[PDB]
Structure formats: C-alpha cells, structure tokens
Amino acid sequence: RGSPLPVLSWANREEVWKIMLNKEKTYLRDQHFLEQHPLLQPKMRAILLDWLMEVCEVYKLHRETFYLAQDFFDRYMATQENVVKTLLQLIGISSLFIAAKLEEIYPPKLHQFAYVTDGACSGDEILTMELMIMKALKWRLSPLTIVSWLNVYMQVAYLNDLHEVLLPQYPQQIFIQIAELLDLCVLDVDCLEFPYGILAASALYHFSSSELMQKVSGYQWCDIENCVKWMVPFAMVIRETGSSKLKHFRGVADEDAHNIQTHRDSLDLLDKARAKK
C-alpha cells in the first residue's frame, strides 16, 4: 500500500505515513463486541450514536469530536461485559465529554453534558464514568478516526502547486456529502469489520471513482472491495434521499462550517439500508 502523501517539509513523508499505518493497526475494533452484552441489541448502539450526533450539532462540536466519542464508546464496550441498556446513555455522553476536552478549544462545561441527558446522568456520574472509560482504554485516546481519514483523502485530492498539505484546500460540499454517508454507516456495528481508513476510502469511492480513491488512499481495489460492497445499500439510501446542504452555525465562519458535526434523524434510513441486504 503506497504513500499518497506529498513531499512534506516538516517531516519525512515515508515516516509520517508509517506512523499512521501502525496507529490504525494497534487500535483494535470488534464488530462482534455486543456479543459480550447479551441484553443489548445493535439498534441500541445506533440510537446512542445518533443521539450523540444530535448533541454535537446543538453545541457546534467538531466531526472529529463525534468520531473520537464513537471510537471511545466502541472500544470501551469491547472491554466490558453485561452492560444494561439504561447505562448506555452515561457511557456515550461521558465518551463525548472526554472527546470534547481532547479536541475542542472551548468544550462545553460538565453541566451541559449532564443537561442534555434531561436528568438521567448527573455531573458526578459523568466524572465517575470518564475515569472508568479512560482507565479501561489504558489512556489510548489518540486514534485515527473515520473522519480524519476523510480529511487526509480530501487534502491529497485537492493538492495544488504549493504542496503545503496542512493548510485546508478542499471544497466543502464533497466533504460533507461523504461524511454524511460515513455518518449513516457508522450507526451499523457491522462497520467495525473494516479499518477506518477503508471505511473512508470506500465511502469516498461511492462519491467519485476508482482512480481518485486509489490516488488519495494508496489502497488497491482488492483491499476495499468487501467494504465497498457492504456499503452499497447505504450509498443507495443516501443517494435516494439526497445529500444534505451545508449548514450555518452561529460564531462559526462559513468557510469552516463543514467541520461541525451535523444531525438528521437517520434511524429510518438505517433500517432501509439494512433491509436491502
């Protein structure tokens, strides 16, 4: 698998790329992890993550914050067994608290994370759970999220003549359209079969071509083929309903708004995608 990155002036691109691949390798995800929680059903994971997306939009949190929270939730639940459904809200909101303190300049205060649970989770309960999560994850809290892969691919795609890959230079619509498919896929626990970079490469493929996918990701067709095929009914449901338009957010420059996590009710789309195969 080739290095898609350009010549970087701040570090050697062969090493930066190597450190990224080893990252995706050592962070482990298990599509079967709900089997350790027999009282739980995958739909409850979909409900929880859909709700975290909704919360992220209310507070204008970043897509990376949401996908950090998703990764922390899925990875933490793989470390536990026998969790009851009335606890999922606390685990989810506490994953988002951790993620927002990592990622946001000015994260919402504890009392907002408690507030959005409408009394289900107090501040004290969130502080207890965040330590449970971080300890159980062994403080491994720096994954490459699904959306960070999308950001890398977009940057490589729109590399101009400057090759300064750190300044953003990709257009907003293609980014939010692919993010919107990833946001629907991630609600299906079956997505965890596939490394995050392949989920992002596969979703990108469904909005472009083989040639672009390969150019920006270094993957060959055979590496993503299974994920692409798994994703087909999700792409179709997104195509059928139309891609969302770009939202405006108070205090957020319009040129930065594509970075803010958005939300629409997505559970009917999800069942529609899962009904097709």
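For clarity, a rigid core is taken as the largest C-alpha set superposing within 1.5 Å between two forms. Heads up: residue numbers just count along the shown sequence, starting at 1.
For the pair 103-111 and 161-169, rigid core superposition yields a higher RMS C-alpha distance in 6 other deposited structures of this protein in 161-169.
For the pair 248-256 and 210-218, rigid core superposition yields a higher RMS C-alpha distance in 6 other deposited structures of this protein in 248-256. For the pair 176-184 and 83-91, the record assigns the higher mean C-alpha temperature factor to 83-91. Per-stretch averaging of Cα B factors for 35-43 and 63-71 places 35-43 on top.
Each of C227, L52, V237, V58 has a CA temperature factor in the record; the biggest one is found at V237. Of the residues listed, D124, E130, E104, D118, the entry assigns the biggest Cα temperature factor to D118.
Per the deposited record, the Cα B-factor of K109 falls in the lowest third when ranked against the other modelled residues of its chain. Remark: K23 belongs to the highest third of its chain, ranked by C-alpha B-factor as recorded. For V252, the recorded CA B-factor ranks within the middle third of the chain. Only modelled residues enter the ranking.
In the deposited entry, the Cα temperature factor of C222 places it in the highest third of its chain's modelled residues. In the PDB entry, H263 places in the middle third of its chain by CA B-factor.
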